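Here the structure comes first, spelled out in structure tokens, and everything after it is commentary.
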Amino acid sequence: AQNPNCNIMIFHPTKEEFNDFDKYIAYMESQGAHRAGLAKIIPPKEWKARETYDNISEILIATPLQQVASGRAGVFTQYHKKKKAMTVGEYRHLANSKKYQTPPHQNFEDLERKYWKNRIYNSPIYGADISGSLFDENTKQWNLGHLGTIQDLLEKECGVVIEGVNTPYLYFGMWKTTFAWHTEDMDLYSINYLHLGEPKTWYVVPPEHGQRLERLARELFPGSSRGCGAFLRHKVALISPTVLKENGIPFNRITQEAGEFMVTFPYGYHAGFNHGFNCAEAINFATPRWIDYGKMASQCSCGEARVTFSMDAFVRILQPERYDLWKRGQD
Ligand SMILES: O=C(O)CNC(=O)C(=O)O
Ligand SMILES: [Mg+2]
Ligand code: NI
Ligand SMILES: [Zn+2]
């Protein structure tokens with residue numbers, strides 16, 4: 001069995017190997033990369049996502065989200081308070097202000113210590129989940145707006161044609177902006193490209209151990225767990241690495257820098273935080289190996305998770321027993 005300790009693997013494809021996206025994902029899996037839940041892909045040196053980032057300041061962040069924490073420094077929830085619209089130029093200036101800027105630090109480890117000590121005492125503003133792309137249309141390799149769609153994969157594997165579309169999302173971050181512990185919708189893959197700015201630190205639980213994280217989360221968030229049998233689908237709970245180690249939960253960590261891709265694998269729980277002003281692009285995707293995860297994915301039916309249009313068909317086809325309850329939660 002490849003990668004039996006479920007370490008995060010880092011790949012350096014050549015320009016030739018960068019041509020065929022599906023083939024390369026399958027290669028990484030042949031080497032055991034999915035056992036970690038997360039892999040890093042460093043593009044060949046010949047590649048670029050676009051020519052420059054000099055002209056992005058007029059992008060609008062229609063609904064910036066202030067991420068307000070409740071709890072203790074290592075075990076907390078966050079809720080999102082909606083703020084007034086602002087441009088990417090305005091958001092960048094805000095990120096760099098004295099109130100929000102990254103503190104002085106020695107290295108990534110010192111900054112990680114500072115994040116876990118102090119996150120809860122601040123409420124950073126995240127420009128998350130903005131439909132759009134920063135890949136140039138002429139970028140033919142690993143262009144996250146030109147991937148094969150999940151609807152087409154389901155149709156190729158299962159023979160059923162379904163409605164829905166699959167487009168990327170932009171994320172504009174600042175120091176301490178945070179992504180809570182989650183797997184993807186329908187336990188899909190994700191791919192995330194850090195276009196510019198400061199790093200993103202990731203934490204991940206191997207898919208084979210995801211239920212250990214779920215059991216800890218039910219213990220640590222007991223109100224939330226009574227409310228919903230899949231409350232991590234609400235994407236609000238944070239647990240620090242120290243607390244994970246105290247409770248024997250297997251995990252790994254890595255820091256993504258600008259110009260790098262990360263891939264999350266089906267049922268790989270992940271969480272993390274941004275170091276300072278940055279912009280990432282991410283999208284979900286599927287492969288043949290995903291189908292069995294999609295069929296078994298948990299679902300939130302309490303009302304909280306509320307998701308895209310395109311999840312309907314995935315539930316309806318892959319999980320017909322669950323469909324009626326889940327759809328009630330959508331309505
Ligand atoms: O970058 C973020 O805030 C969150 N990203 C992801 O969870 C992802 O790409 O799967
Ligand atoms: Mg612009
Ligand atoms: Ni994710
Ligand atoms: Zn729920």
Side-chain angles (χ1 to χ4, degrees), residues 36-41 61 64-65 67 77-78 80 115 124-130 134 144 147 166 168-205 207 210 213-214 217-218 221 223-238 254-258 260-286 290 297-305 307-308 311 322 325-327 329-330:
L38 183 66
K40 178 179 292 195
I41 310 93
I61 308 171
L65 304 175
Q67 302 188 293
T77 60
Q78 59 184 13
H80 293 168
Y115 173 86
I125 294 168
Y126 206 177
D129 290 317
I130 297 163
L134 293 172
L144 299 189
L147 300 182
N166 175 206
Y169 296 87
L170 305 178
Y171 301 78
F172 289 95
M174 68 168 63
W175 171 234
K176 285 169 175 172
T177 52
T178 301
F179 51 109
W181 282 107
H182 70 284
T183 63
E184 306 302 308
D185 287 348
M186 220 71 186
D187 295 345
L188 282 158
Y189 295 73
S190 67
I191 181 163
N192 182 302
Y193 183 70
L194 191 54
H195 281 282
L196 65 94
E198 302 318 302
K200 187 187 295 286
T201 293
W202 301 68
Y203 306 89
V204 60
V205 175
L213 182 69
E214 295 171 349
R218 289 192 301 271
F221 302 96
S224 294
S225 176
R226 281 187 293 272
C228 180
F231 79 95
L232 294 176
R233 298 282 168 207
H234 304 169
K235 310 193 300 186
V236 303
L238 278 301
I254 193 169
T255 300
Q256 177 191 21
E257 296 188 78
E260 304 179 338
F261 290 91
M262 306 298 296
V263 166
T264 84
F265 296 87
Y267 197 59
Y269 273 102
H270 54 284
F273 64 90
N274 296 304
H275 291 206
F277 172 70
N278 65 16
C279 172
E281 180 170 343
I283 196 176
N284 297 117
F285 70 93
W290 166 69
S298 67
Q299 301 300 356
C300 168
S301 310
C302 74
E304 283 303 307
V307 304
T308 180
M311 229 183 98
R322 288 179 171 177
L325 184 69
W326 172 80
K327 198 167 38 66
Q330 241 41 23

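Computation of the quantities below employed the complete heavy-atom set of this structure, encompassing side-chain atoms and omitting hydrogens, waters and symmetry-equivalent molecules. Counting from 1, the numbers follow the sequence of the chain as shown. Counting starts at 1 for both ligands and their atoms, in listed order.
For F277 and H275, the distance between ring centers is not under 6.0 angstrom. Outside the 6.0 Å centre-distance limit, the rings of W290 and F285 are not counted as a close aromatic pair.
Contact residues of ligand 1 (protein heavy atom closer than 4.0 angstrom to a ligand atom; sorted by chain and number): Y126, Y171, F179, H182, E184, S190, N192, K200, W202, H270, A282.
Distance check, rounded to the nearest 0.5 Å: CZ of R218 to CG of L213 gives 10.0 Å. The distance from the NE2 atom of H195 to the CG atom of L134 is 4.5 Å, given to the nearest 0.5 Å.
When all heavy atoms are compared, the tightest approach of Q299 to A230 is O-CB, 3.3 Å.
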Step-by-step side-chain contact (heavy atoms from CB on, under 4.5 Å) determination, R322 to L325 = CA-CA 6 Å; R322 288 179 171 177; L325 184 69; over 6 Å; no
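None of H234, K235, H270 except one satisfies the side-chain hydrogen bond (donor to acceptor under 3.5 Å, both in side chains) rule with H182; the exception is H270. A side-chain contact (heavy atoms from CB on, under 4.5 Å) with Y269 holds for exactly one of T264, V204, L232; it is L232.
With the Zn ion (ligand 4) as vertex, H234 NE2 and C300 SG subtend 110°, rounded to 10°. At the Zn ion (ligand 4), the angle from SG in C228 to SG in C302 is 110° when rounded to 10°.
Counting only protein atoms, the N, O or S atoms lying less than 2.8 Å from the Ni ion (ligand 3) are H182 NE2, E184 OE2, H270 NE2, ordered by chain and residue number.
In this structure a side-chain-to-backbone donor-acceptor pair under 3.5 Å is missing from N274 to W175.
Using cut-offs of 30° and 60° for the angle between ring planes, the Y126 and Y171 rings count as tilted.
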